[PDB]
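One chain comes next, on its own, written as C-alpha cells: the form deposited in one PDB entry.
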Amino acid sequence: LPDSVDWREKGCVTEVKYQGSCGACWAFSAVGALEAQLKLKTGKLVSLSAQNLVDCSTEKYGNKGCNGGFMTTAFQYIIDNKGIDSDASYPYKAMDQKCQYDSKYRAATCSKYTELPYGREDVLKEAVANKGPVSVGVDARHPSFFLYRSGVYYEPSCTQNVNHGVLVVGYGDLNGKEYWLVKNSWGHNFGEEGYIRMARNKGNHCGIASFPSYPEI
C-alpha cells in the first residue's frame, strides 16, 4: 500500500461543514463518505444533504436526528430510499425537520455498504487506499480534542468508547508520527481548517478503527 494517502488531492472531498448545535455528526460522516464515491463514479464533486438524513433516516433506522445516529444505517436508508438529495437542494438547518426528500433533487445513490473488522488499523489503511474515505467513530470527549490546533493528536486519556462520527480521508506520517487524516464537521475553525491528524498504529487510539464503514455506488 502507498505510505501516504490524501483524498483531497484527488478532488474527492467536499468543503468542511459546520453542524452547529445539532448532533448530526453521523449524517455528515455518511454523506462525506458517499461524496467521494460519487466523485469516483461520475467525476463530479457534489456536497450531499446531511439534513436529508437527519429528517428522513429516523426511527426506522435507529437514528435520532440532532440527538445522534449511525453512519451504517444512514447508508441503508439511502439504499432503501433509492437516493439522497444534494446539499444545495435540501440545505442544512441544524434542527430536526419533517422529511422533505424529493427524487427530483437526487444527487447520489447507494447500492451497499461495508463495515470493517473491529480495531484493525491495517485493514482500515487498505480500505482508505483502495476504496476511498471511510466513516468512523472516535472518542472526542476529551478537552484536548476541542483545543487541537496542529501536529499529530495523541491523548493518553482517550478510550475506545467512541461518541463522535467523522471521516478518514487519508493517512501518512508527520515528523515521525504516523497519523490518520480526519475530516470533522465543526467548521473550518476547528483544528487545521476543519481537519485533525490523529495517531495511527498506536493501539486503535481513541477507537478510530473501532467501527469503520464505507458505501459504494
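Position 1 is the first residue in the sequence shown; the rest follow in order.
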{"query": "Stretch exceeding the other in mean C-alpha B-factor - 186 to 194, 23 to 31", "finding": "186 to 194"}
{"query": "Average Cα temperature factor in the PDB entry - higher stretch of 132 to 140, 92 to 100", "finding": "92 to 100"}
{"query": "Third of the chain's Cα B-factor distribution that residue 111 belongs to, per the entry", "finding": "highest"}
{"query": "Lowest, middle or highest third - CA B-factor, residue 150", "finding": "highest"}
{"query": "Third of chain Cα B-factors occupied by residue 55", "finding": "lowest"}
{"query": "Residue 38, C-alpha B-factor rank within chain (lowest, middle or highest third)", "finding": "middle"}
{"query": "Residue 2 CA temperature factor, ranked by third within the chain", "finding": "highest"}
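Same protein, other form: the form solved in complex with a small molecule, not shown, and the subject of what follows.
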item	value
Heavy atom contact within 4.5 Å of the small molecule in the deposited complex, the stretch among 145 to 153, 33 to 41, 46 to 54, 173 to 181	145 to 153
In the deposited complex, residue 157 touching the small molecule (heavy atom, 4.5 Å)	no
